[PDB]
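Line order of the protein sequences matches chains A, B, C, D, E, F and G.
The numbering of the first sequence is the entry's author numbering, which starts it at 1 and goes up by one.
The numbering of the second sequence is the entry's author numbering, which starts it at 1 and goes up by one.
The numbering of the third sequence is the entry's author numbering, which starts it at 1 and goes up by one.
The numbering of the fourth sequence is the entry's author numbering, which starts it at 1 and goes up by one.
The numbering of the fifth sequence is the entry's author numbering, which starts it at 1 and goes up by one.
The numbering of the sixth sequence is the entry's author numbering, which starts it at 1 and goes up by one.
The numbering of the seventh sequence is the entry's author numbering, which starts it at 1 and goes up by one.
Ideal Cβ positions, reconstructed from N, Cα and C, are used throughout, including at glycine.
Presented below is the structure to which this report refers.
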Amino acid sequence: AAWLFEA
Amino acid sequence: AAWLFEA
Amino acid sequence: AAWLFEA
Amino acid sequence: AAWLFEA
Amino acid sequence: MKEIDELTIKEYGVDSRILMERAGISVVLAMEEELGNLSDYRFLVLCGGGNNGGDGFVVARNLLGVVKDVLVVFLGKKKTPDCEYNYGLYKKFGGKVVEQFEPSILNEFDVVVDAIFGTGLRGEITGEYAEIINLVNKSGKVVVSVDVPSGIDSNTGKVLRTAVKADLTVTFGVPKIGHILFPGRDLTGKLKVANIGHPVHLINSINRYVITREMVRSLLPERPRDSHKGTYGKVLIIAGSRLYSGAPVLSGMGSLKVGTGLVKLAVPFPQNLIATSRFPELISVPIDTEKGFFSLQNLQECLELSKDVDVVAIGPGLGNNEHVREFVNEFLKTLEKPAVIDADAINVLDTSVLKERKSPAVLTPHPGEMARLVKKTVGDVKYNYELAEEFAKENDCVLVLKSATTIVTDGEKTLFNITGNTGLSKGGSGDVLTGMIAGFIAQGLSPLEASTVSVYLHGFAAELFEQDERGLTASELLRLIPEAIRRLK
Amino acid sequence: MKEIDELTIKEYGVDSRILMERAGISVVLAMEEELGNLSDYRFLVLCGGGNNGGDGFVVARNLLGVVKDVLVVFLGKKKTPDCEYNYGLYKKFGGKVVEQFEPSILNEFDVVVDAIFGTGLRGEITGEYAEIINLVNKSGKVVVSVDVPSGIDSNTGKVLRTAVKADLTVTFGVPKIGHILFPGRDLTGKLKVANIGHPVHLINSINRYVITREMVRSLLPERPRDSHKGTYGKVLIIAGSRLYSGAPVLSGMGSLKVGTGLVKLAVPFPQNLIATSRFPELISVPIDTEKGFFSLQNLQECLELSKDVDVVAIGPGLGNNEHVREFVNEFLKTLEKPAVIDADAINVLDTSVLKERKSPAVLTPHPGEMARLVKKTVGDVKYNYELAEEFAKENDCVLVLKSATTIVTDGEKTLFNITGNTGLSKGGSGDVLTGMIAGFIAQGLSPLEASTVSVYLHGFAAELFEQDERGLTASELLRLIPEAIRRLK
Amino acid sequence: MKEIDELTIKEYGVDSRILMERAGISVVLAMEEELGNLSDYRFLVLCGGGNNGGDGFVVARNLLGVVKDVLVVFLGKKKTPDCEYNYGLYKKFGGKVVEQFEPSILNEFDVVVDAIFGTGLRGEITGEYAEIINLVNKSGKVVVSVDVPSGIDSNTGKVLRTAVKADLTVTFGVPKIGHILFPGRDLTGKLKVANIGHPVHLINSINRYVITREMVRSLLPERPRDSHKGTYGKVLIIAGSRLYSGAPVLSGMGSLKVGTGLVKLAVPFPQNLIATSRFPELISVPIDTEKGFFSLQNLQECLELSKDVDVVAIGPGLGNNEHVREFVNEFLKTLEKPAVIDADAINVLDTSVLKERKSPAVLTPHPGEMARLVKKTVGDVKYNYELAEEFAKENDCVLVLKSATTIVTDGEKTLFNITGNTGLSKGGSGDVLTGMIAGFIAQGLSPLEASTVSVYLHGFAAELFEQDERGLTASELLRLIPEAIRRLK
Ligand SMILES: Nc1ncnc2c1ncn2[C@@H]1O[C@H](COP(=O)(O)OP(=O)(O)OP(=O)(O)O)[C@@H](O)[C@H]1O
Ligand SMILES: Nc1ncnc2c1ncn2[C@@H]1O[C@H](COP(=O)(O)OP(=O)(O)OP(=O)(O)O)[C@@H](O)[C@H]1O
Ligand SMILES: Nc1ncnc2c1ncn2[C@@H]1O[C@H](COP(=O)(O)OP(=O)(O)OP(=O)(O)O)[C@@H](O)[C@H]1O
Ligand SMILES: Nc1ncnc2c1ncn2[C@@H]1O[C@H](COP(=O)(O)OP(=O)(O)OP(=O)(O)O)[C@@H](O)[C@H]1O
Ligand SMILES: Nc1ncnc2c1ncn2[C@@H]1O[C@H](COP(=O)(O)OP(=O)(O)OP(=O)(O)O)[C@@H](O)[C@H]1O
Ligand SMILES: Nc1ncnc2c1ncn2[C@@H]1O[C@H](COP(=O)(O)OP(=O)(O)OP(=O)(O)O)[C@@H](O)[C@H]1O
Ligand SMILES: [K+]
Ligand SMILES: [K+]
Ligand SMILES: [K+]
Ligand SMILES: [Mg+2]
Ligand SMILES: [Mg+2]
Ligand SMILES: [Mg+2]
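As structure tokens, this is what we get:
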């Protein structure tokens, strides 16, 4: 789940 | 962790 | 091992 | 815990 | 809450657009937590013309370019200013809106976001609104409702002709009464409560609460190591008859399983012997009656017995006939102890007696009993928290109105219990709760506190039953109470 | 013990400084066992001017250069010679002492070592001593008490105005009565008993003991394979009434669950039928009474029944009225068997009867019953082991004075039981213990031995309850006894 | 990016306040993901007067009433309009701001939120700004930077006199160059990139990228089952000398371990024999030289050898003397194949040759080699992506400028590699990467694509070393390449 944050 | 959501 | 301490 | 003994 | 939005905008100075952005992104995060990665899903967002719809436009806009497909069906006529602003953003971001709904439209989407009506629903839903809600309900898609499922009155939980059945509801700030009472509780599906930036002071000012594990944990009485049975109080249960011999046993053990020091039953002979043959820890005093029912002949023995206790529970299995009515009312009028009044003692209660008592009382009716007590229909009293509050306030008591969601009120503070399951929908369940409440009062909790902890634990014990809930009986419920207690800590 | 220090110094020739060094290092080792590595902690050591303080200076000095920070607050006026010597060492080693205590001083430390007062406490704590103890108690730091928490009278366990609440207490040689009786037992927290070099002969000469698992293991009766029920004795329980039908059942099963061969109850008809409907292994003899209570009319049947048994328990649920008084006293006067005398048989007992009996007796009162038996207040008898000893010695009996710490004495030997929890603070608990004691006597243990094993196992069974202790009832206690037995071996 | 904020506000119509709210809440969510529950922590939020500070006020305000303590130190003079608005909200919500910083202030807080300067930092940090940053850096608290650690120039990664060392940096939209290049990369600590509501179109329009696992996965060449070695290309490596016999072996195996079909080395006799004694899969052609170095005498044999290959790598271990210079330049001028030019072939390269070649080239210097190639100092070329871009564009090549972050550019597209560790800071590492790049070109990737995949995989293989990275050698690096490949898929 990656709607808010990329790393 | 509960800043955003309570259930 | 109980030379020093009893509980 | 090393108050008494070093090895 | 719309009050709480109002204050947060006009007094605290938070732009209404900032609240609406925060609401919408909460929905997106909530959906990701429930569905996992959103990138493989196609979303149909149904938007009304109000602030709920505006929240929907925020959702739609934040999904653009990140999921497989988004389409908004705009179902309103006019748009409020924040809805209009967010519609404008959705389109500037390249989003697609249609205003006509086609029955086959559900076919190309996986998830329906229901942003039609929130707390601004007024009156029955008809027309294209209804047709569309009915289509969504037949579709088998995943349904996420914004704030409240459209068609639920958020003040009562009633369905206004038709309503969305949601898999997930994301509400803002605090749960609404319509998520807590049925049918709305059922239509909400899984409820998430999102912080959208209201000052904490305003969130905590709400006077109606859902009973939570942390609340019950903090209310549980202490068990000091240097203690004895007298530390934990004494209960008298006046209960049973030649017809109903089992009720006393279940009430008495309900008191013992919550930690009460001593429990005495007063039960007509020889029915009193039933209790000790099952649980020899109980004291079951034989009451000599003319025909197997308490009457005024037993008034004086019962008052003597009450002198050495902290609380008296009365009513389970007493029967309801004239001599029982006379006894119950004369007893409660003279008793200067807290009373827990249940079942047949409610059915014969003269409510004038409650007004004249100096000592406190808790009443524990189901809606049939409440309906006979205030001379209304079951339909008018069921889930009627305002009626419960009025009754508690006028009669100086705690009212515990039992149902799948139980309401507990003293007229000033109202709490809602959502633990439990359908295994409690069976004779004997109520009798256990009566004993529990009396037990906690005897341990030193206030009538309201005792009722709050007891309804929660009673329902929680039910959920701990290891097999199918329909097979749960009161005896097994009792065995489960100490595990509910352990799990709470 | 201060006797034991005295002898070890003056007769055995151990330098007092060597005892004090050994005491202090015990504290350091104990703390390491409980906190793990000490090197990351900052220590505040509070030292009085006496030998407890001297022990504190040893602690402080041995932590120097090995932990993050040590500070001593010296709170006394003068210093005894060993305290002065160890103060001198602490400072020669580079240690810091202040004599003023500042409320904010707790802020810079993680662990408080309480070496203010040990067994030399005389009178109520006031002044800066009190203020400082109250500050430590509000601080939330880890608190380690040297010898006894300061403010506990080590002879009685009473708080002398105010006292330290410790997480860990390290005491020297043997536990003190103040660690064993409440409130002191509660304030001690976890107790470690350190060997500081007293001759073993002097440690073993103490006449008051804590009942331990090894003591109870070695007292448990043998079960020879070639045996039959008669090997394991026979108990008669004279118990119950029309009011209290459950008590006999719990006493009788208490005897059977500890291994007794045969148990007979004598209970008023039809209440006797209660016992066999729950546990058909019991023999429950119906006693024909005028009004539901034992009276002199039943004297002769009860004495006949007693002839074929090894022990008689009497009292649980008898009621307390004149005819019961007459019966109990005439029975015990004539009975030439060991008697276990409980509950209502205590409340009507004429203590002259105990003096004239040739056969032994065990009495098992709670403090309310003891208080009525010696005509004192509950406050004067509770935890009063010297009163219990006098009573046992004067009346030629074993006294088992029940409370969270139970005292068991025959007037010469006194034992303290510390097993159990608050689930036993509930009606029926006592009735079980009565049956247990009778059962072990029937198996061939002396009255004191039977009482010692029974109080331990009764409390231990309670601790084995799998759910929250407040939900424990006597019936579940019974089920747990054979597991307590297994775990003991 | 400030462009991207500008467009999103002025063209798309998103209120700047909505971007700032979204930024601040991202920081709160990020901190919760890293610290767990925030409710037990005390927060010190340091806010400048600009938009970074405004983001800080949002953070502070959203923590109010939910954590143990929040304090803002406002360090600016004036406030921009959004900072002022959010300051006003923080105070209306009951938040505390001070304008003086006291060295001991760090003592009462657990977490420092650094919202002093973001991308609006201009010039060296001095005064109270510096003093405060230095205090935070000495404090040992957990440090969370908003957008970029204050003091890092977000365009270059350089420290402007002093800068915050963060445990966690939360940046908005896309990573900045200052998070990617050192020292800024080191000071960023763990980097989270938050979506704050920019249109996806604008986020994707950025022309400088960090090479990611998904990018490399999608670039990896296919391995059709019906294939043979010719499917996977042929590489010639012209390498080595009497002085440097090992370099050819490492380059050649670097090509084979990435899937190349055939690798031929041309190496001076007898040094060519070194390669096949270690890896007999290699073809190592003996080149007859006068004194152990390639010269013009070998021009014609090398061009013949190049005719049957797809790519030529040249330079590792050639030596650097006049005859090698003549050979390398005459070779590259005539070679009509892609060339990978490394090490000593760079040190003698005439850059005019690169302009006149019709065929492509990749150059792989470290900063010392780049510095000699453009006649600048190492300090002027190191991490100078704009210089690298200019050089690539002017000379029609791909430049791979090696360092802990490697820059890969063709003058139009620039990529940054962040895989790898210090075990690659050792002779032989570069030689392996050369072979890898040539190998992927031979397999059909473009020079830029081959360089992109190779730098990522080369660094990733290093991170897979099972023991301490300082013990990694090129030979072990080779063994790890096929595991890096497997893990990528
Ligand atoms: N029963 C109904 N049938 C058709 N339209 C309705 C019905 N009830 C409400 N609406 C329309 O939907 C609008 C909802 O707008 P409004 O912002 O007041 O409430 P909302 O969208 O539920 O948002 P909120 O939850 O913030 O109150 C109403 O003003 C009304 O015009
Ligand atoms: N579906 C359900 N979900 C949760 N709780 C339930 C459900 N059905 C019943 N209960 C609970 O079980 C108890 C039923 O008590 P009530 O007195 O209403 O019925 P009863 O058959 O009379 O029990 P009794 O025979 O002991 O009097 C109440 O606490 C009620 O809230
Ligand atoms: N209630 C009190 N208030 C103030 N000071 C007291 C109080 N009780 C005792 N003290 C002081 O503390 C001293 C303790 O010294 P002493 O060595 O006799 O006992 P101690 O420190 O408890 O050591 P030990 O445990 O070996 O007896 C006493 O002699 C007395 O001066
Ligand atoms: N907090 C506690 N911790 C340990 N033991 C306890 C605690 N409270 C009670 N007990 C034990 O439980 C038993 C209580 O017996 P007692 O006769 O005092 O009370 P009771 O209610 O009269 O039991 P019964 O109804 O069987 O007569 C005693 O052994 C006592 O030591
Ligand atoms: N080196 C410095 N020393 C002191 N103050 C500075 C320094 N650099 C910048 N500032 C101040 O901090 C302000 C930062 O405000 P601005 O909104 O332009 O950038 P920011 O806070 O980094 O936000 P953003 O990241 O959106 O650009 C500058 O306008 C300037 O007044
Ligand atoms: N600390 C580091 N982190 C990541 N990558 C590193 C680090 N140090 C070196 N490298 C990488 O290792 C390789 C070193 O090649 P370079 O040619 O610069 O050194 P080398 O000793 O000459 O290797 P060779 O002897 O094969 O020529 C480059 O890809 C570089 O990016
Ligand atoms: K809705
Ligand atoms: K002490
Ligand atoms: K910053
Ligand atoms: Mg009922
Ligand atoms: Mg008793
Ligand atoms: Mg190199």
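query	result
Can you list, in chain order, the residues of the stretch 22-37 of chain E whose Cβ is nearer than 8 Å to any Cβ on chain A?	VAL28, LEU29, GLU32, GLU33, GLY36, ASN37
To the nearest angstrom, how far is the alpha carbon of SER241 (chain G) from that of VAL210 (chain G)?	37 Å
With a 10 Å radius around its C-beta and 16 neighbouring C-beta atoms as the bar for buried, classify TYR12 (chain F) as buried or exposed.	exposed
In this structure, does DSSP put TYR87 (chain F) in helix, strand or coil?	helix
Kindly indicate if chain D contains any beta-carbon less than 8 Å away from that of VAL66 (chain F).	yes
At a CB-CB cut-off below 9 Å, which residues of chain F make contact with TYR232 (chain E)?	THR422, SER425, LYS426, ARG470
Using three-state DSSP, classify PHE57 (chain F) as helix, strand or coil.	helix
Quick one: is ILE206 (chain G) buried, meaning 16 or more other Cβ sit within 10 Å of its Cβ, or exposed?	exposed
Using only the heavy atoms of ligand 7, determine whether one of them is closer than 7 Å to the beta carbon of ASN155 (chain E).	no
Mapping the DSSP letters down to three states, classify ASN204 (chain F) as helix, strand or coil.	coil
Which same chain residues end up closer than 7 Å to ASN62 (chain G) when comparing Cβ atoms and leaving out the 5 residues on each side of it in sequence?	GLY24, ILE25, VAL28
What separation, rounded to the nearest whole angstrom, lies between the Cα atoms of residue 492 (chain G) and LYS176 (chain G)?	In the structure as shown, chain G begins at 1 and stops at 489. Residue 492 (chain G) is therefore absent and cannot be evaluated.
Residues of the stretch 202-233 of chain G with a CB closer than 8 Å to any CB of chain A: list them in chain order, please.	none
Under the criterion of a Cβ to heavy atom distance below 7 Å, does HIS458 (chain E) qualify as lining ligand 4?	no
Measure from the C-beta of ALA7 (chain C) to each C-beta in chain F and report whether the shortest distance is under 8 Å.	yes
Whole angstroms are fine: how far does the CA of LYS190 (chain F) sit from the CA of residue 503 (chain E)?	Outside the displayed span of chain E (1 to 489) sits residue 503 (chain E), for which this structure offers no information.
Going straight from the alpha carbon of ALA392 (chain E) to that of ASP110 (chain E), what length do you get?	48 Å
With 8 Å set as the bound, which would you pick, yes or no: does the beta-carbon of residue 504 (chain G) sit closer than that to a beta-carbon of chain A?	It is not possible to answer for residue 504 (chain G), since the shown part of chain G is limited to 1 through 489.
Taking one C-beta from the stretch 341-352 of chain G and one from the stretch 406-421 of chain G each time, how about it: are there three or more such pairs within less than 8 Å?	no
Beta carbons nearer than 9 Å to chain G: which residues of the stretch 76-99 of chain E have them?	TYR85, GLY88, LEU89, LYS92, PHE93, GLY94
Could you spell out where the alpha helix (DSSP H) holding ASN272 (chain E) opens and where it closes?	272-278
Which residues of chain G have a Cβ atom closer than 8 Å to the Cβ of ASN62 (chain E), listed in chain order?	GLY197
For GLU369 (chain E), count neighbouring C-beta atoms within 10 Å of its own C-beta (all shown protein chains included) and say buried if the count is 16 or more, exposed if not.	buried
Which residues in the same chain have their Cβ closer than 6 Å to the Cβ of residue 519 (chain G), if we skip the five residues on either side of it in sequence?	Since the displayed chain G opens at 1 and closes at 489, residue 519 (chain G) lies outside it and no answer follows.
By DSSP, does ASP114 (chain G) sit in helix, in strand, or in coil?	strand
What is the DSSP secondary structure of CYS397 (chain F), reduced to helix, strand or coil?	coil
Could you say which of E:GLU476, E:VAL70, E:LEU187 lies nearest to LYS257 (chain E) if we only look at CA atoms?	E:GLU476
Quick one: Cα of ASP308 (chain G) to Cα of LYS234 (chain G), how far?	8 Å
Nearer than 7 Å: is that true of the beta carbon of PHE465 (chain E) relative to any heavy atom of ligand 1?	no
Do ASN204 (chain G) and ligand 9 come close, with the Cβ less than 7 Å from some heavy atom?	no
Roughly how many angstroms lie between the CA atoms of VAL98 (chain G) and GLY118 (chain G), to the nearest whole one?	21 Å
Going by the C-beta, is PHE117 (chain E) closer than 7 Å to any heavy atom of ligand 1?	yes
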